[PDB]
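So the structure is just underneath, and the comments pick up after that.
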Amino acid sequence: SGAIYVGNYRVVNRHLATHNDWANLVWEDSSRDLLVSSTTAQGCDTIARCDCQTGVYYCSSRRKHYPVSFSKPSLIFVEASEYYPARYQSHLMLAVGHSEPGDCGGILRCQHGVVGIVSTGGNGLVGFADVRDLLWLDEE
Ligand SMILES: Cn1nc(CN2C[C@@H](C(N)=O)CCC2=O)c2ccccc21
Ligand SMILES: [Zn+2]
């Protein structure tokens, strides 16, 4: 579990979104595993606007933050799971690191702010859904 809170927006994994998020939906994309809803209170996270490929992510299944190198956002085949059939997921970045399904939502951050959230993984890899291209999260 986990979410990003920026301005009047809440960013979560689409597969973990609540009734309130769908009722207050701003934007969602199944192919990205992302959902953005509106909030009443202002959030304090800053979204990174950069091309960093190194950062730190939180891994709940180890209660640890790991420094990682990660690939650029791309279209990657993701195996079937409880929440999606086997499909290509877009804007996904991979790293060598530990992850389990319940680690989704863990933040990946660089020196500029939040880069994305854990979304995929398996066999010593961890995948993060990028949020750096969603420029509108910084305004309105
Ligand atoms: C973080 N993560 N995730 C999954 C599977 N998965 C993919 C997710 C997706 N984005 O398509 C949907 C939820 C889910 O359970 C997984 C398996 C094994 C290890 C680490 C893992
Ligand atoms: Zn950065």
Side-chain angles (χ1 to χ4, degrees):
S1 65
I4 307 166
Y5 293 98
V6 47
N8 285 282
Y9 297 125
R10 169 174 140 96
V11 186
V12 288
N13 292 92
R14 193 185 182 272
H15 75 277
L16 301 182
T18 71
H19 155 101
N20 198 60
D21 294 316
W22 285 101
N24 291 294
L25 175 74
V26 172
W27 169 85
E28 55 86 12
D29 184 337
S30 184
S31 75
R32 291 176 70 148
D33 186 40
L34 288 183
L35 183 141
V36 178
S37 62
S38 53
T39 67
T40 62
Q42 270 213 243
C44 304
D45 291 326
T46 285
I47 306 307
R49 301 302 175 190
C50 69
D51 63 358
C52 284
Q53 276 186 257
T54 64
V56 181
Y57 80 100
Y58 180 57
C59 173
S60 65
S61 67
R62 294 284 177 272
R63 291 186 187 124
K64 278 207 182 66
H65 300 257
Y66 292 110
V68 284
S69 289
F70 52 91
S71 62
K72 284 184 176 179
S74 68
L75 194 60
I76 290 168
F77 199 68
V78 174
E79 293 296 304
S81 68
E82 180 178 349
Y83 293 95
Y84 298 100
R87 76 209 208 287
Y88 285 91
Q89 176 162 323
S90 62
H91 299 266
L92 184 63
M93 298 170 298
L94 302 180
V96 181
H98 180 66
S99 69
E100 299 175 32
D103 288 322
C104 286
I107 284 173
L108 167 69
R109 49 177 66 247
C110 66
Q111 60 180 117
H112 310 101
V114 177
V115 176
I117 49 177
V118 171
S119 179
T120 77
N123 295 320
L125 295 157
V126 55
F128 309 93
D130 187 52
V131 302
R132 300 177 288 187
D133 66 315
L134 302 172
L135 308 180
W136 53 268
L137 292 168
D138 296 353
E139 63 185 29
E140 118 95 15

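Nothing fancy with the numbering, it's 1 onward along the sequence. Atom set for the values below is all heavy atoms of this structure, side chains included, hydrogens, waters and symmetry mates excluded. Atoms within each ligand, like the ligands themselves, are counted from 1 in listed order.
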Mind checking whether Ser99 has an N or O less than 3.5 Å away from an N or O of ligand 1?
-> no

State the atoms of ligand 1, each with its element, that fall below the 4.0 Å cut-off from a heavy-atom position in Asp33.
-> 10 (N)

Is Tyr84 close to ligand 1, meaning an N/O of one under 3.5 Å from an N/O of the other?
-> no

Determine the interplanar angle of the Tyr57 and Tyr66 rings, folded into 0 to 90°, and report it as parallel if under 30°, tilted if 30 to 60°, perpendicular if over 60°.
-> tilted

Quick one: does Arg87 get an N or O within less than 3.5 Å of an N or O on ligand 1?
-> yes

Show your working on side-chain contact (heavy atoms from CB on, under 4.5 Å) between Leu92 and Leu75 and close with a plain yes or no.
-> CA-CA 6 Å; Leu92 184 63; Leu75 194 60; over 6 Å; no

Linking I/L/V/M/F/W/Y whenever their side-chain heavy atoms sit closer than 4.5 Å, directly or via other members, would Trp27 and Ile47 fall into one cluster?
-> yes

For residues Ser119 and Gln89, is any side-chain donor paired with an opposing acceptor at under 3.5 Å?
-> yes

Should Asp103 be listed as contacting ligand 1, given a heavy-atom distance under 4.0 Å as the test?
-> no

Path from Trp136 to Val6 over hydrophobic side-chain contacts below 4.5 Å = yes

Measure the distances from the heavy atoms of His15 to every atom of ligand 1 and state whether one is below 4.0 angstrom.
-> yes

For the residue pair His15 and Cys104, what are the closest heavy atoms and their distance?
-> CE1-SG, 3.8 Å

Just need the protein heavy atom nearest to atom 18 (C) of ligand 1, so name the residue and atom and give the distance.
-> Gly121 O, 3.6 Å

Within less than 2.8 Å of the Zn ion (ligand 2), how many protein N/O/S atoms are there?
-> 4

Heavy atom of the protein closest to atom 15 (O) of ligand 1 (residue, atom name, distance) | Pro101 CB, 3.7 Å

Before accepting this row, confirm whether a basic side-chain N of the pair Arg49/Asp138 lies closer than 4.0 Å to the acidic partner's carboxylate O.
-> yes

Consider only side-chain heavy atoms of I, L, V, M, F, W and Y, link residues closer than 4.5 Å, and tell whether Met93 and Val78 are in one cluster.
-> no

A student checking ligand 1 against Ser119 at a 4.0 Å heavy-atom cut-off should list atoms 3 (N), 7 (C), 8 (C), 9 (C), 10 (N)

Donor-acceptor pair, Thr46 side chain versus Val114 backbone, under 3.5 Å?
-> no

Is the shortest side-chain N to carboxylate O distance from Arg14 to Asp29 below 4.0 Å?
-> no

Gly122 neighbourhood, listing ligand 1 atoms whose heavy-atom distance to it stays under 4.0 Å = 18 (C), 19 (C), 20 (C)

Inter-residue atom distance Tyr58.OH - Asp103.CG, 0.5 Å rounding | 8.5 Å

Among the heavy atoms of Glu79, does any lie under 4.0 Å from an atom of ligand 1?
-> no

One finds that the ligand 1 atoms under 4.0 Å from a non-hydrogen atom of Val78 are 11 (O)

Is ligand 1 under 4.0 Å from a heavy atom in the side chain of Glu82, in the backbone, in both, or in neither?
-> neither

For the pair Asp130 (side chain) and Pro73 (backbone), establish whether a donor and an acceptor sit closer than 3.5 Å, ignoring hydrogens and angles.
-> no

Identify, for atom 5 (C) of ligand 1, the protein heavy atom at the shortest distance, and state residue, atom and that distance.
-> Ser81 CB, 4.0 Å

Salt bridge between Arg87 and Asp33, side-chain N to carboxylate O under 4.0 Å?
-> no

